[PDB]
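This report concerns only the one structure given below.
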Amino acid sequence: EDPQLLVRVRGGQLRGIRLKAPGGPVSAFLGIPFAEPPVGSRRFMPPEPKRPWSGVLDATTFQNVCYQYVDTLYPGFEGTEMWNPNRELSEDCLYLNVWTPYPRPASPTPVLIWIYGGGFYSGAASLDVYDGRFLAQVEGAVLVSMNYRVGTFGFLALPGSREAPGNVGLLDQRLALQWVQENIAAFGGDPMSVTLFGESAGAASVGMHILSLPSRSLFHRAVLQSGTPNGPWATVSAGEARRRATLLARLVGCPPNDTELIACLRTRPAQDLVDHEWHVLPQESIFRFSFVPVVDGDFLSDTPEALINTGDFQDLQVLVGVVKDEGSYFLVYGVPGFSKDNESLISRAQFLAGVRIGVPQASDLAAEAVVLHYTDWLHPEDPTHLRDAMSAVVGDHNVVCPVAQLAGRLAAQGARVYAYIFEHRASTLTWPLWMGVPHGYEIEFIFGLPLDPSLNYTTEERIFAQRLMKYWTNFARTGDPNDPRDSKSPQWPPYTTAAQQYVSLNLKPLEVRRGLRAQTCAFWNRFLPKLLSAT
Amino acid sequence: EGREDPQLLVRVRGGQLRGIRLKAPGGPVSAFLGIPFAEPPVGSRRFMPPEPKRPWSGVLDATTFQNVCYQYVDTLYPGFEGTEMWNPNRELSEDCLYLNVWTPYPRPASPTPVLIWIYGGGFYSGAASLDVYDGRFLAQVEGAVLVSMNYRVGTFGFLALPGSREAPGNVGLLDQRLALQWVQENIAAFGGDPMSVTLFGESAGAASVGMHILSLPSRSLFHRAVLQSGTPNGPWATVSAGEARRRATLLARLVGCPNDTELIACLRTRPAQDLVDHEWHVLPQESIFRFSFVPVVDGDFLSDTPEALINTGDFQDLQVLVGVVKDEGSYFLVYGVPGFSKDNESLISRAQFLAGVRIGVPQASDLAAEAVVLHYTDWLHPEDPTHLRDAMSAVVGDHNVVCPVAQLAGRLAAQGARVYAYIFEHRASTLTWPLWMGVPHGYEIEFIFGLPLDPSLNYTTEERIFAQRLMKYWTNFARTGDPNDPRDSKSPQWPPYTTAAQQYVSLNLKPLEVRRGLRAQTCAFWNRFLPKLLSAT
Ligand SMILES: COCCOCCOCCOCCOCCOCCOCCO
Ligand SMILES: *[C@@H]1O[C@H](CO)[C@@H](O)[C@H](O)[C@H]1NC(C)=O
Ligand SMILES: *[C@@H]1O[C@H](CO)[C@@H](O)[C@H](O)[C@H]1NC(C)=O
Ligand SMILES: *[C@@H]1O[C@H](CO)[C@@H](O)[C@H](O)[C@H]1NC(C)=O
């Protein structure tokens, strides 16, 4: 019995497992329950803290993945499968994982808490790209990740009802944050230094913890990779959430009154709800998700935009960034003329039709404004430009410009902000070249996977992964991603509204740039809302 | 006769003329100045279409410039060369329908391609007798026959009560047409080729040229056309019948008048200077680059809006040279946009930029005005006074000239015409406006006419050589419909503008350089998006 592998937390005793990372062992505690299984009558309800257990609970394997839609676009293709559940699905899924150096840290160690993405309808903390061993073994970090309910089980909401108040998936994350405060110090973690980080919907989640007071006493710094609480997809209004839930109920026979309706839904097998999750969207679209956080006036006292516009963020530090090609991944999911298999060279008509699917809320005049802005009028009909502009419309509307707005409002209201753009395309990537650096393919580098020799990355990429892990961990330690040992003269400067400085992350050394899509995001952030408004 | 110069006596349809032998730097040229081509449009003829001049008896002396058409005189900067050079340099009078002819001396042997100049001045000012429209350099150095005509401006030229008989509108354009007919019948008596007539003009003169392209009766009077910094399409060159009737009725009221007949009859009793003194009071909004009395869309001269005509016209037999100067808008800011002056750097604030945009784009709704400010803002330096100043100029210049011209080039090109486009980027070493204005509106003219060749005008040697190149381009285009020199192949070639390639050339002290895209991004905003945004808002 290994003593480094035995931990006592407030609920009982855990047994971890020793894992070999490239440079040495690490202690892993996988599958720790942090809440009562949200099953039967607990479906759609806020989580409850886990009850104590007897004996030694075995924490040496990943637990189940929260029940969720499983993608089928390209069956068997690594590029999509790598995001699919790699364990059994189950509503009984509220578990978390802790990686730690081996032996356990001698000093209290800053903690990183990963919140996975997946559009609030999918995702799991057990995916290979979220493997926490490299960060713990190389940087000596204590790394935590939790499962949280997705889709109908995490965010179906009859606002104001007692039986489905919405946002329970975010309340799952919050309970895991509360768990870290109460237990992490038993693993050697420092609960007074907790950094959240996440990507896509995980990044947005991080942002809502920034914007929700009860969460603010549970972390000290945040990282939002390719996602924001503001923007067009991360939240919905009480009304639109009430609409979609009532429609999903109709589609499954409920009701044959809020309590009446939610009771019948708790009767249905999980897959019956998943079967119809995608049929409640008001328009044909990409980058829109049926069940996402709701503006309930509770977890979110107002819209994310209103909250970032007025909040005080003085004692907060944030690292925010985007990938080079945010939108490419999504075109193959609904925009006619796109495929991972051909080069997706589109006509102009295809480009206009595609803009209605990328900006599904846009009016006639507003889609025209978008088309005229992204058209290259020296080659207005070149298909290569047209496809590339299609990807930029989607990525700019859903990620880049939302990020630039958040970064600007945070910096202006006291926060200390650092911004990046990630421009390296993995040598291992299996999507076609035309997709560039797609949404989500910086993650494998920040977690250090290239340091695994069997994965067949390039020597340059291994050196690159280490640099990224230093930025992230250095940010967790200090709030500043710059190395207190490297006194070479390319320093990552803070993003400000004045200079708007950000850095390029790629194989070459840090390069400092100014203006994050400044002109084009002026269009999205400043003009387009006044347009759609006056219509 | 008997003891006068036999090379200076000519007969035209209306009688005999005596011209004058002028000195150009390279030799003598024949000038026939102040030839009347119409009955004086005075008295009961004010606002009426012109009539042919009645033949005279004896030898009409044609050695001096005749009257300038009655017009507003500029006073923003009294005695300053930048404004005085454009002011009237002969007596103001309603009796002003005269034209001028320059030819080589002795007059040419073979029939010679003809150039007709139509001055600008916003349709409220101008004269064919200004120093910068001097034909003696084109005539002497290129051997061209050059003709320029006065036309009625302001109320006398363009006040209209559309549909009435006593003020049908556009008589100023009919004045120009009557001169074009005069050239058809008489230019052979000077050695000019009536079958090779090229029009060229600038600002409102360029737009005039564009209007003759679009009016069917004019089209049988010329063969080629050059439009410098001006277009018949665009926000300022025309007004609807409704606007024109409203402005004419308002000016009448402002001068004591009072049924169209009685109302026009009253205007005809007013002193010319009373009309001029109230011209500017009829503009619907605080504006720059708007002019009270301009050509009206009458359904006669202009069968429809210029936009509709250039959109649906056959131009496969047309050859046009069109271009702009580097800083079309800067000149106009100091005539209305608070914060701007010729005597300081005009560094303005973001608030002055927003107020200035409402003035340069006087028709924009609040949303359309916001779109303009969002487009032209430098979001990395959104409060930089220098960028805001240069963006104010870009707004006015792009809205009024560069994108109207860009739209015109693309339409004519798509519909059969042969088009050549340029941007004129050289600032005269003699310019008296401040540096920040760059290359202002209308400051390529003195180079096209070849003033730099006048040794007393203190230009540089390169400026002299440059003006020769420009004269070579214009005349070659007149001779052949192609500005390129047939023999000289070493020089870089000036390609036609096309929709596929959108090629144009820069004209400056350096050799011809070819560029693609006539401010393509920004003009898509002006020409494609803004019209639909104002259609809603
Ligand atoms: C040049 O930067 C424009 C900055 O836009 C500010 C937002 O307002 C504009 C709103 O109008 C709609 C735009 O119409 C389409 C034509 O525009 C092309 C602009 O393409 C610039 C790309 O870099
Ligand atoms: C790419 O493939 C898809 C499906 O195979 C097809 O629908 C699409 O039209 C193709 N792309 C082009 C540009 O033809
Ligand atoms: C320039 O002068 C004008 C008039 O004198 C004034 O209104 C303007 O504010 C001045 N601008 C600067 C930058 O000095
Ligand atoms: C040219 O320069 C001379 C001397 O510098 C001056 O006397 C003359 O007036 C100038 N003429 C012009 C047109 O600038």
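Every chain in the structure tokens has a letter given in the order shown (A, B, ...), and although residue numbers restart at 1 in each chain, ligands are simply numbered from 1 in the order shown.
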Exercise for the section: Find the residues around range 278-286 of chain B up to 6 Å (only C-alpha atoms counted), leave out those fewer than 4 positions away in its own chain, and share them as a list in words. Expected result: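 With the cut-off at 6 Å, the set is residues 247, 292 and 359 of chain B.
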Output C-alpha atoms of each residue in that selection to a file, as a compact mmCIF listing (two decimals), in the first residue's frame.
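The resulting file, selection_6.txt, is reproduced below:
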```
# COMPACT_ATOMS: atom_id res chain seq x y z
CA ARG B 247 -35.42 75.40 -54.18
CA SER B 292 -28.21 75.02 -54.76
CA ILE B 359 -22.03 68.11 -42.68
```
Exercise for the section: Write down as a list in words the residues belonging to range 49-140 of chain B that are assigned strand (DSSP E) by DSSP computed on the backbone. Expected result: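 Everything in range 49-140 of chain B that counts as strand (DSSP E) is residues 59, 60, 61, 68, 69, 92, 93, 98, 99, 100, 101, 102, 103, 104, 112, 113, 114, 115, 116, 117 and 118 of chain B.
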Contact residues around residue 472 in chain A with only C-alpha atoms at 9 Å, ignoring same-chain residues under 6 positions, as a CSV table (one decimal) with N, CA and C atoms, in the first residue's frame:
```
chain,number,residue,atom,x,y,z
A,223,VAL,N,-8.5,31.9,-17.1
A,223,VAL,CA,-8.0,31.7,-18.5
A,223,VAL,C,-9.1,31.4,-19.3
A,319,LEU,N,-6.0,35.7,-18.6
A,319,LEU,CA,-5.4,35.3,-19.8
A,319,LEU,C,-6.4,34.9,-20.8
A,446,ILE,N,-1.0,23.0,-24.6
A,446,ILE,CA,-1.0,23.5,-23.3
A,446,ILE,C,-0.9,22.5,-22.2
A,480,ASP,N,0.9,36.6,-14.0
A,480,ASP,CA,1.7,37.1,-15.1
A,480,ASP,C,2.4,36.0,-15.9
A,481,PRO,N,2.2,35.8,-17.2
A,481,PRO,CA,2.7,34.6,-17.9
A,481,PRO,C,4.2,34.7,-18.2
```
Exercise for the section: Please give me, as a list in words, the residues lying within 12 Å of ligand 3 when counting only C-alpha atoms and all ligand atoms. Expected result: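 Answer in the requested format: residues 76, 77, 333, 334, 335, 336, 337, 338, 339, 340, 341, 342, 343, 344, 345, 346, 347, 348, 349, 352, 385, 386, 388, 389 and 436 of chain B.
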Closest atom pairs, chain A residues within 6 Å of ligand 2, only C-alpha atoms and all ligand atoms, as JSON lines:
```
{"residue": "A:337", "atom": "CA", "partner": "ligand 2", "partner_atom_place_in_ligand_line": "8 (C)", "distance": 4.2}
{"residue": "A:338", "atom": "CA", "partner": "ligand 2", "partner_atom_place_in_ligand_line": "1 (C)", "distance": 5.5}
{"residue": "A:339", "atom": "CA", "partner": "ligand 2", "partner_atom_place_in_ligand_line": "1 (C)", "distance": 4.8}
{"residue": "A:342", "atom": "CA", "partner": "ligand 2", "partner_atom_place_in_ligand_line": "1 (C)", "distance": 4.9}
{"residue": "A:344", "atom": "CA", "partner": "ligand 2", "partner_atom_place_in_ligand_line": "13 (C)", "distance": 4.5}
{"residue": "A:345", "atom": "CA", "partner": "ligand 2", "partner_atom_place_in_ligand_line": "13 (C)", "distance": 4.7}
{"residue": "A:346", "atom": "CA", "partner": "ligand 2", "partner_atom_place_in_ligand_line": "13 (C)", "distance": 5.4}
```
Exercise for the section: Return as a list in words the residues belonging to chain B that are within 8 Å of chain A, counting only C-alpha atoms. Expected result: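 Using only C-alpha atoms, chain B residues at most 8 Å from chain A: residues 367, 370, 371, 374, 375, 378, 379, 380, 501, 502, 516, 517, 520, 521, 524, 525, 528, 529, 532, 533 and 537 of chain B.
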Completion exercise
Expressed in Å, the length from CA of residue 240 in chain A to CA of residue 264 in chain A is 20.7 Å
Practice task
For each of A:349, A:323, A:59, A:138, take the minimum atom-to-atom distance to residue 382 in chain A, counting only C-alpha atoms, then give the residue where this is smallest.
Solution key: A:349
Exercise for the section: Write out as a list in words the residues lying within 9 Å of residue 456 in chain A, counting only C-alpha atoms and excluding same-chain residues fewer than 3 positions away. Expected result: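 Using only C-alpha atoms, the neighbours found are residues 427, 428, 450, 452 and 453 of chain A.
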Practice task
Could you find all residues in range 323-516 of chain A that DSSP calls helix (DSSP H, G or I) from the backbone, and write them as a ChimeraX atom specification?
Solution key: /A:328-331,348-358,364-374,383-412,433-435,443-446,449-451,453-455,459-478
Exercise for the section: Can you pull out every residue within 12 Å of residue 2 in chain A, counting only C-alpha atoms, but drop anything in the same chain fewer than 3 positions away, and send it as an NGL selection string? Expected result: :A and (5-7 or 14-18 or 27 or 102-104)
Residues as selected, C-alpha atoms, written as a compact mmCIF listing (two decimals), in the first residue's frame, can you do that?
```txt
# COMPACT_ATOMS: atom_id res chain seq x y z
CA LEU A 5 -1.37 7.31 -2.90
CA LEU A 6 -3.62 7.53 0.18
CA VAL A 7 -5.53 10.74 0.87
CA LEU A 14 -9.21 7.82 -1.31
CA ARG A 15 -6.69 5.57 -2.99
CA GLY A 16 -4.95 7.13 -5.97
CA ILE A 17 -2.79 5.52 -8.63
CA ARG A 18 0.78 6.18 -9.72
CA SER A 27 -0.04 10.78 -8.43
CA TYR A 102 4.90 12.35 -6.95
CA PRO A 103 5.62 12.44 -4.19
CA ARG A 104 2.92 14.83 -3.06
```
Exercise for the section: Can you work out the spacing between CA of residue 329 in chain A and CA of residue 429 in chain A in Å, to one decimal? Expected result: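 Between CA of residue 329 in chain A and CA of residue 429 in chain A the gap is 12.4 Å.
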Handout entry: Polymer residues at most 7 Å from residue 358 in chain B, only C-alpha atoms, same-chain spacing of 4 or more positions, as JSON, numbers by chain
Key = {"B": [354, 362, 369]}
Based on the selection just made, write C-alpha atoms of those residues as a PDB file, in the first residue's frame.
```
ATOM      1  CA  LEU B 354     -18.729  63.354 -35.794  1.00  0.00           C
ATOM      2  CA  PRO B 362     -25.826  65.913 -45.078  1.00  0.00           C
ATOM      3  CA  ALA B 369     -23.800  58.634 -40.155  1.00  0.00           C
TER       4      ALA B 369
END
```
Fill in the blank from the handout: Separating CA of residue 47 in chain A from CA of residue 224 in chain A, to the nearest tenth of an Å, is a gap of 24.6 Å
Problem - Contacts of residue 476 in chain A within 9 Å, only C-alpha atoms, excl. fewer than 4 positions in-chain, as number ranges by chain - result: A: 110-112, 193-196, 220-222, 471-472, 480-481
Practice task
Return as a ChimeraX atom specification the residues of protein, DNA or RNA that approach ligand 4 to within 9 Å, with only C-alpha atoms and all ligand atoms taken into account.
Solution key: /B:430,456-459
Exercise for the section: Kindly indicate which residue among B:250, B:97, B:523, B:272 lies nearest to ligand 1, using only C-alpha atoms and all ligand atoms for the distances. Expected result: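 Checking each candidate against ligand 1, we get B:523 as the closest.
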